[PDB]
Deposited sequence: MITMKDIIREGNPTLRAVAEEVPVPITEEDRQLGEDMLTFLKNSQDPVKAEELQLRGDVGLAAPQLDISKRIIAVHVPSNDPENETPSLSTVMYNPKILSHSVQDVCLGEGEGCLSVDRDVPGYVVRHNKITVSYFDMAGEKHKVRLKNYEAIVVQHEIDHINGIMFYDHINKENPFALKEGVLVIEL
(Lines of atoms letter the chains of each structure in order from A and count residues from 1; the text may use other names and numbers.)
(Lines give C-alpha, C1' and ligand atoms only; values in the text may rest on other atoms or scores of the structure.)
Protein backbone atom coordinates (compact mmCIF):
# COMPACT_ATOMS: atom_id res chain seq x y z
CA UNK A 1 0.00 0.00 0.00
CA UNK A 2 1.06 3.60 -0.57
CA UNK A 3 2.68 5.30 2.43
CA UNK A 4 4.24 8.72 2.95
CA UNK A 5 7.59 7.06 2.28
CA UNK A 6 6.44 6.37 -1.29
CA UNK A 7 5.71 10.03 -1.93
CA UNK A 8 8.73 11.84 -3.34
CA UNK A 9 9.45 15.39 -2.24
CA UNK A 10 10.43 18.74 -3.70
CA UNK A 11 13.97 18.39 -5.00
CA UNK A 12 13.37 15.08 -6.76
CA UNK A 13 13.67 15.83 -10.52
CA UNK A 14 10.77 13.52 -11.40
CA UNK A 15 8.39 16.17 -10.05
CA UNK A 16 9.55 18.58 -12.77
CA UNK A 17 9.48 16.16 -15.71
CA UNK A 18 6.62 15.89 -18.19
CA UNK A 19 4.85 12.59 -17.51
CA UNK A 20 4.44 10.03 -20.28
CA UNK A 21 1.10 9.23 -21.93
CA UNK A 22 -0.13 5.82 -20.79
CA UNK A 23 -1.35 3.07 -23.14
CA UNK A 24 -5.01 2.60 -23.97
CA UNK A 25 -6.31 -0.03 -23.39
CA UNK A 26 -5.24 0.64 -19.81
CA UNK A 27 -2.62 -1.85 -18.65
CA UNK A 28 -3.43 -3.99 -15.62
CA UNK A 29 -0.51 -2.37 -13.81
CA UNK A 30 -1.73 1.17 -14.49
CA UNK A 31 -5.18 0.01 -13.37
CA UNK A 32 -3.70 -1.37 -10.14
CA UNK A 33 -1.69 1.80 -9.53
CA UNK A 34 -4.81 3.92 -9.92
CA UNK A 35 -6.68 1.74 -7.45
CA UNK A 36 -3.87 2.05 -4.92
CA UNK A 37 -3.74 5.83 -5.41
CA UNK A 38 -7.45 6.23 -4.74
CA UNK A 39 -7.15 3.93 -1.73
CA UNK A 40 -4.38 6.17 -0.42
CA UNK A 41 -6.57 9.27 -0.73
CA UNK A 42 -9.45 7.57 1.06
CA UNK A 43 -7.15 6.33 3.82
CA UNK A 44 -5.69 9.82 4.22
CA UNK A 45 -9.15 11.29 4.79
CA UNK A 46 -10.36 8.63 7.28
CA UNK A 47 -9.53 10.04 10.72
CA UNK A 48 -8.65 6.63 12.13
CA UNK A 49 -6.66 5.28 9.18
CA UNK A 50 -4.84 8.58 8.76
CA UNK A 51 -3.63 8.33 12.36
CA UNK A 52 -2.78 4.62 12.09
CA UNK A 53 -0.71 5.15 8.95
CA UNK A 54 0.48 8.66 9.85
CA UNK A 55 -0.84 10.22 6.65
CA UNK A 56 -1.45 13.87 5.78
CA UNK A 57 -5.01 14.49 4.56
CA UNK A 58 -5.04 14.61 0.76
CA UNK A 59 -7.67 15.11 -1.96
CA UNK A 60 -5.50 14.54 -5.03
CA UNK A 61 -2.45 12.55 -6.09
CA UNK A 62 -0.51 12.24 -9.35
CA UNK A 63 1.67 9.30 -10.41
CA UNK A 64 4.81 11.47 -10.63
CA UNK A 65 4.51 11.97 -6.87
CA UNK A 66 5.23 8.23 -6.52
CA UNK A 67 8.23 8.52 -8.86
CA UNK A 68 6.19 7.04 -11.71
CA UNK A 69 6.35 9.47 -14.63
CA UNK A 70 2.95 8.68 -16.12
CA UNK A 71 -0.16 10.71 -16.89
CA UNK A 72 -2.32 9.21 -14.15
CA UNK A 73 -4.12 11.21 -11.46
CA UNK A 74 -6.51 10.33 -8.66
CA UNK A 75 -8.94 12.67 -6.95
CA UNK A 76 -11.22 12.24 -3.94
CA UNK A 77 -12.91 15.56 -3.24
CA UNK A 78 -15.24 15.83 -0.21
CA UNK A 79 -18.43 15.00 -4.77
CA UNK A 80 -15.78 13.58 -7.10
CA UNK A 81 -13.87 10.32 -6.65
CA UNK A 82 -12.07 8.72 -9.56
CA UNK A 83 -8.84 7.97 -11.38
CA UNK A 84 -8.14 9.78 -14.65
CA UNK A 85 -5.82 8.36 -17.29
CA UNK A 86 -4.36 10.75 -19.87
CA UNK A 87 -6.51 13.66 -18.63
CA UNK A 88 -6.64 16.83 -20.76
CA UNK A 89 -8.24 20.19 -20.27
CA UNK A 90 -10.24 20.88 -23.43
CA UNK A 91 -11.49 24.32 -22.41
CA UNK A 92 -11.65 26.64 -19.42
CA UNK A 93 -13.46 29.71 -18.14
CA UNK A 94 -12.23 33.26 -18.33
CA UNK A 95 -13.22 33.58 -14.68
CA UNK A 96 -10.50 32.51 -12.25
CA UNK A 97 -10.55 31.32 -8.65
CA UNK A 98 -8.22 30.53 -5.75
CA UNK A 99 -8.44 28.80 -2.39
CA UNK A 100 -8.49 31.35 0.41
CA UNK A 101 -6.20 29.23 2.58
CA UNK A 102 -3.72 28.79 -0.25
CA UNK A 103 -2.59 25.34 -1.35
CA UNK A 104 -0.44 22.53 -0.05
CA UNK A 105 0.91 19.28 -1.38
CA UNK A 106 2.21 16.02 0.11
CA UNK A 107 5.38 16.40 -1.91
CA UNK A 108 6.06 19.79 -0.29
CA UNK A 109 7.37 19.80 3.28
CA UNK A 110 7.29 23.59 3.80
CA UNK A 111 4.47 26.13 4.10
CA UNK A 112 4.38 28.37 1.02
CA UNK A 113 1.86 31.17 1.66
CA UNK A 114 0.04 32.88 -1.18
CA UNK A 115 -2.80 32.58 -3.64
CA UNK A 116 -2.70 30.03 -6.45
CA UNK A 117 -5.00 31.40 -9.14
CA UNK A 118 -6.61 28.83 -11.42
CA UNK A 119 -9.58 28.66 -13.78
CA UNK A 120 -12.94 28.37 -12.04
CA UNK A 121 -14.42 26.11 -14.72
CA UNK A 122 -12.82 23.46 -16.90
CA UNK A 123 -13.95 20.76 -19.29
CA UNK A 124 -11.76 17.69 -18.96
CA UNK A 125 -11.53 14.55 -21.06
CA UNK A 126 -9.94 11.40 -19.71
CA UNK A 127 -10.02 7.63 -19.88
CA UNK A 128 -11.30 5.70 -16.89
CA UNK A 129 -9.85 2.48 -15.47
CA UNK A 130 -11.58 0.48 -18.21
CA UNK A 131 -10.21 2.67 -20.98
CA UNK A 132 -13.61 4.27 -21.61
CA UNK A 133 -13.58 7.99 -22.42
CA UNK A 134 -15.31 10.61 -20.29
CA UNK A 135 -15.83 14.33 -20.83
CA UNK A 136 -16.69 16.21 -17.66
CA UNK A 137 -17.39 19.81 -16.66
CA UNK A 138 -15.85 20.71 -13.35
CA UNK A 139 -15.90 23.92 -11.33
CA UNK A 140 -14.92 25.45 -8.01
CA UNK A 141 -12.92 23.20 -5.66
CA UNK A 142 -13.14 20.14 -7.92
CA UNK A 143 -11.71 22.21 -10.78
CA UNK A 144 -8.90 23.46 -8.54
CA UNK A 145 -7.94 19.96 -7.43
CA UNK A 146 -7.91 18.57 -10.96
CA UNK A 147 -5.80 21.49 -12.23
CA UNK A 148 -3.36 20.95 -9.34
CA UNK A 149 -2.99 17.28 -10.31
CA UNK A 150 -2.75 17.91 -14.05
CA UNK A 151 -0.01 20.44 -13.26
CA UNK A 152 1.89 17.55 -11.64
CA UNK A 153 1.92 15.54 -14.86
CA UNK A 154 3.32 18.59 -16.67
CA UNK A 155 6.04 19.08 -14.04
CA UNK A 156 4.39 22.05 -12.35
CA UNK A 157 4.12 22.60 -8.57
CA UNK A 158 1.53 24.83 -6.90
CA UNK A 159 4.07 27.38 -5.64
CA UNK A 160 5.20 28.02 -9.22
CA UNK A 161 1.99 30.05 -9.51
CA UNK A 162 2.47 32.24 -6.45
CA UNK A 163 3.34 35.90 -6.98
CA UNK A 164 6.38 36.13 -4.71
CA UNK A 165 6.30 39.94 -4.76
CA UNK A 166 2.66 40.14 -3.68
CA UNK A 167 1.56 36.64 -2.53
CA UNK A 168 -1.96 37.75 -1.61
CA UNK A 169 -2.75 40.08 -4.50
CA UNK A 170 -6.24 39.47 -5.87
CA UNK A 171 -7.16 40.57 -9.33
CA UNK A 172 -10.37 41.73 -10.63
CA UNK A 173 -12.78 39.23 -11.08
CA UNK A 174 -11.07 36.37 -9.24
CA UNK A 175 -13.24 34.18 -7.01
CA UNK A 176 -12.29 32.86 -3.65
CA UNK A 177 -13.17 29.51 -2.15
CA UNK A 178 -13.14 29.13 1.57
CA UNK A 179 -13.10 25.61 2.77
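Asker: From the N-terminus onward, what segments of the deposited sequence lack any C-alpha atom in this model?
Answerer: Gap vs deposited seq: just 79-87.
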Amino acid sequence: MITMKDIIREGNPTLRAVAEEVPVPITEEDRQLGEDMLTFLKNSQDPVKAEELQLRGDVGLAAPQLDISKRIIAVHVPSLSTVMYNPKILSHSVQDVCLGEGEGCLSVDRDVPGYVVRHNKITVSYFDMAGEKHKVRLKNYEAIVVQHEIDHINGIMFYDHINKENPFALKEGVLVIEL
From here on, numbers count along this sequence of modelled residues.
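Asker: Can you tell me which stretch has the higher mean Cα B-factor, 159-167 or 6-14?
Answerer: Result of the comparison: 159-167.
Asker: Regarding 67-75 and 101-109, which shows the higher C-alpha temperature factor on average in the entry?
Answerer: Comparing 67-75 with 101-109, the higher average CA B-factor belongs to 101-109.
Asker: Highest recorded C-alpha temperature factor, please, choosing from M37, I153, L55, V145.
Answerer: Out of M37, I153, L55, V145, the record gives the largest C-alpha B-factor to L55.
Asker: When the modelled residues of the chain are sorted by Cα temperature factor, does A50 land in the lowest, middle or highest third?
Answerer: Middle third by C-alpha B-factor.
Asker: For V136, return the chain-relative third of its C-alpha B-factor as stated in the PDB record: lowest, middle or highest.
Answerer: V136: CA B-factor falls in the highest third of its chain.
Asker: Among the chain's modelled residues, which third holds the C-alpha B-factor of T82?
Answerer: Answer is middle: the recorded C-alpha B-factor places it there.
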